[PDB]
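In: Partial complex here, more coming in a sec:
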Amino acid sequence: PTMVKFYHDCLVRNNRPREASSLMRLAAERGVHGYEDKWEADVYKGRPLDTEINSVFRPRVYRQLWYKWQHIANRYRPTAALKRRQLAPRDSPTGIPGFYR
Amino acid sequence: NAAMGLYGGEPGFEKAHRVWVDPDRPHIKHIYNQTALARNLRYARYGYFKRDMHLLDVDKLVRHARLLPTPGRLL
Amino acid sequence: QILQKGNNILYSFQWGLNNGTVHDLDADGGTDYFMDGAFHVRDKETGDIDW
Amino acid sequence: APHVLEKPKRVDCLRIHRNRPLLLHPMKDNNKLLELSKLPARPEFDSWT
Amino acid sequence: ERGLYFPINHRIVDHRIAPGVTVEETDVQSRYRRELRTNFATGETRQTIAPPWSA
Amino acid sequence: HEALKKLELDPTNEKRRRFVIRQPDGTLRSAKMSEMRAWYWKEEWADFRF
């Protein structure tokens, strides 16, 4: 799904909706978690072939500790925004140096 | 400290490793310094260089040293 | 946040003969008792709970 | 239009130092944390579907 | 991106214009630094002012 | 100001403290001396001289 999303964004940024539609069809057929439901009909049925983005991507190891503690504290409410005082009392270290970078 | 280690704590990666400076072509400004834990002035005199007298520049030692003995006793 | 009266409430749900009462009532010199979570009867040859 | 549902109380107050109730506000959609969380932990061994 | 979003050198407001015409009626566009260049930089030295009759 | 109680209660001052008592009949009148003094922290007067 990560490379599918990156390729789809690159296609829509380079203005190739035909290739974007082909990628969407492939993803829908395969069953990728992100693109299981997203399926669209073919509109190019009669013609043959021939700063911008604001996002941040870092490897897993950067926030693996945050992920681990989030799932340890609240594994039943994934959308909880684990914060201070949930795992450490006042005037005490929270354990993880550099929360949210 | 950004080049070595992320925040610290890991032993051996808090203090910068040993830095060697060529006095003829200094790569730092104000080589000598005064600090409670960084007194390097005493480590730039005669007596510390006897350990590496087998490979050193006697001309540079003469040019820049402290309490240098007489040339006869040096020879 | 600390619950402390739970033991007092639980005391009412222990219907029967409690370990202390049975341990006090028994009056046999050949039956010895110990306690890890409650009073249990110890078998001499096994060195464990007399099942 | 199934809008008859009442406002959720999924956020639950937890007691903190001076009994000030801390509320776990749900994360906003415009962040990468949930995107990273939804992916499998071990891509090599965990199923991708 | 090189420095501050609004440099101090560019926060110039002109009082020679009417108060309410710069916001909506028009926008004055000029390089105001040239007239505020100091006498030390521009080499100007204040000579004694002569009266009109003697000038 | 309680430190200026004498000046506030003195009628010979144009800046004296002002009071209004609206009776149930609808007319307003000046407060009595007791009512005027009631708006200050109470103090005990005593003299052991005699």
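Out: Perfect, thanks for sending it. Residues are numbered from 1 along each chain as shown, chains lettered A, B, ... in the order given.

In: how near is the nearest residue to residue A:49 once chain neighbours are set aside to residue A:7?
Out: With CB to CB, 6 or more residues apart in numbering or on different chains as the criterion, residue A:49 has its nearest non-adjacent residue at 7.9 Å, and that residue is residue A:18. Heads up, the C-betas are built off the backbone N, CA and C, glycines and all. Using CB to CB, to the nearest Å, residue A:18 is found at 13 Å from residue A:7.

In: For chain C, which segments count as strands?
Out: All strands of chain C, identified by DSSP state E, fall at C:32-35, C:39-42.

In: What strands flank the first one, and is each parallel or antiparallel?
Out: This means strand C:32-35. strand C:39-42 (antiparallel) (DSSP bridges).

In: Could you list the residues in contact with the partner strand?
Out: C:19-20, C:22-23, C:31-34, C:48-50 (CB atoms under 8 Å, 6 or more residues apart in numbering or on different chains).

In: buried residues in that strand?
Out: Neighbour counts over strand C:39-42 (16 or more other CB atoms under 10 Å in any protein chain shown) mark residue C:39 as buried.

In: For that strand, C-alpha coordinates in CSV please.
Out: Taking C-alpha atoms only, strand C:39-42 is exported to CSV below (Å, rounded to 0.1, in the frame of the first residue of the first chain):
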residue,chain,number,x,y,z
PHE,C,39,-4.5,-23.4,56.2
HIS,C,40,-3.8,-26.7,54.6
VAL,C,41,-3.2,-30.1,56.0
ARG,C,42,0.3,-31.6,55.5
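
In: Tell me how many other residues crowd residue 46.
Out: Picked chain A for this. 5 (other CB atoms under 10 Å in any protein chain shown).

In: hm, I was asking about chain F
Out: Residue F:46: 5 neighbours (other CB under 10 Å).

In: Check residue B:24 too.
Out: 10.

In: OK, contacts around residue B:19?
Out: Residue B:19 neighbours (CB under 8 Å, 6+ apart): residue B:28.

In: The following sequence is to be added as chain G:
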Amino acid sequence: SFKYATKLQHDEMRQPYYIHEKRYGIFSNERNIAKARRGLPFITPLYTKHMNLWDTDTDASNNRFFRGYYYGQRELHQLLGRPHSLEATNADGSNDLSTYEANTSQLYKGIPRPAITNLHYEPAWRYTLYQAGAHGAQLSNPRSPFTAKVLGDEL
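Out: To build on what is shown above, here is chain G added in:
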């Protein structure tokens, strides 16, 4: 002193509010209240300090805090050249005047005398342009002859 004196909530042991008005102009907090980002967590600072302790006006002559020797006055004495000692003859901390002070006068140097000093020597300028109760308080006193005459016996 006692514990009750530490309760600044009382209006008896607290500096009055009008000091800030006297310092920054009459009716100055009306503008400050209208500030949008006020009280979160800060408001405009209030200069509520006793008039006899203001550092802007007072000096070593009539202020105790300006007579501190080792830091308030020792540096000044060193700068100005006055011979200074801890148990000095003068209150500030200088044993004697400096050479410049001794040699040169300072009466007519720095500023001409303000013309308003004539109020203390001429009684002719003492004016009260309006009566004491000219703003409608003429009837404040109920037993004054003025009020009695203006009202009448029936009133």
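
In: once more on the contacts of residue B:19, with chain G this time?
Out: residue B:28.

In: quick one: furthest residue from the center of chain D?
Out: residue D:44 (26.0 Å; CA atoms, centre = their mean).

In: In which helix or strand does it reside?
Out: Applying DSSP states H and E as the criterion places residue D:44 outside every helix and strand.

In: Please report how far it lies from residue D:32.
Out: From residue D:44 to residue D:32 the distance is 22 Å (CB to CB).

In: Count the residues that sit near residue A:20.
Out: For residue A:20, using other CB under 10 Å, the count is 19.

In: ok, for it, nearest residue in space, not its chain neighbours?
Out: Nearest one to residue A:20, counting by CB to CB, 6+ apart, is residue A:11 at 4.3 Å.

In: any idea how far residue C:46 is from residue C:39?
Out: The spacing between residue C:39 and residue C:46, counted by CB to CB, is 17 Å.

In: Remind me which helix or strand the closest residue to residue G:133 other than its chain neighbours belongs to.
Out: Leaving aside its chain neighbours, residue G:133 sits nearest to residue F:14 (4.3 Å; criterion: CB to CB, 6+ apart). Residue F:14 belongs to no helix or strand when elements are defined using DSSP H and E.

In: got the contact list for the residue nearest to residue A:20?
Out: A:17, A:19-20, A:23.

In: Now that we have the residues you listed, which of them are buried?
Out: A:19-20, A:23.

In: just those residues now: which is nearest residue E:51?
Out: Proximity of the buried ones among the contacts of residue A:11 to residue E:51 (CB to CB) peaks at residue A:20, which lies at 82.1 Å.

In: So which residue is dead centre in the chain?
Out: Going with chain A. Most central in chain A (CA atoms, centre = their mean) works out to residue A:2, at 6.6 Å.

In: The intended chain is chain G.
Out: Using CA atoms, centre = their mean, the most central residue of chain G is residue G:51, at 3.8 Å.

In: Which residue, neighbours along the chain excluded, lies closest to it?
Out: With CB to CB, 6+ apart, the residue lying closest to residue G:51 is residue G:19, at 6.9 Å.

In: and chain H, same structure:
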Amino acid sequence: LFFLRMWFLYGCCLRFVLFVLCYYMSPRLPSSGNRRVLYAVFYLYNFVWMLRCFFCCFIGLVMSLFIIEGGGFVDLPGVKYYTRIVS
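Out: Okay, chain H now, added to the rest:
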């Protein structure tokens, strides 16, 4: 006063603990005898801690939860926590 004795209390005078083990310990001489010591376990801030305490509570039933209080000083060399009195 000693403030490092109540390390495992973590401020609160009452610590809600579970029950895992109960053994006997000999108090410091010359006070000879056997005293019942409770090895108990609790969890605090998703961290499990185990401690040895004095089993002052008299047994009248089977219990899996206990309340740890600071208590006083005891002749037992190392334990510093008492069990809450039975109510």
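
In: what do you get for the contacts of strand C:39-42 once chain H is counted?
Out: Residues contacting strand C:39-42 (CB under 8 Å, 6+ apart): C:19-20, C:22-23, C:31-34, C:48-50, H:59.

In: For residue H:19, see how far away residue C:14 is.
Out: Counting by CB to CB - residue C:14 and residue H:19 are separated by 15 Å.

In: So those two - more neighbours on which side?
Out: More neighbours surround residue H:19 than the other of residue C:14 and residue H:19, with 18 against 13 (other CB under 10 Å).

In: OK, contacts around that one?
Out: By CB under 8 Å, 6+ apart, the contact set of residue H:19 is C:37, H:38, H:40-41, H:63-66.

In: neighbours of residue 26, just the number please.
Out: Answering for chain A, as no chain was given. Close neighbours of residue A:26, defined as other CB under 10 Å, add up to 12.

In: meant chain E actually
Out: 10.

In: Next: the one 5 residues further on.
Out: Applying other CB under 10 Å, we find 7 residues neighbouring residue E:31.

In: quick one, phi psi at it?
Out: Main-chain torsions, residue E:31, degrees, to the nearest 10: phi -100, psi 100.

In: Same check on the one 10 residues further on?
Out: In terms of degrees, to the nearest 10, the main-chain angles of residue E:41 are phi -70, psi -40.

In: What of the one 4 residues further on?
Out: Listed backbone geometry of residue E:45 is phi -120, psi 130, with angles given as degrees, to the nearest 10.

In: What ranges does chain D have for its strands?
Out: Under DSSP E, chain D gives strands at D:13-14, D:22-23.

In: And these: which comes nearest residue H:10?
Out: Smallest distance to residue H:10 across those (CB to CB): 17.1 Å, for strand D:13-14.

In: could you pull out the helices for the chain?
Out: Using chain A. A:2-14, A:17-30, A:64-73 (DSSP state H).

In: right idea, wrong chain: chain C
Out: Going by DSSP H, chain C shows helices at C:6-10, C:19-25.

In: So which of those helices is nearest residue G:112?
Out: Comparing the helices of chain C under CB to CB, the one sitting nearest is helix C:6-10, at 89.2 Å.
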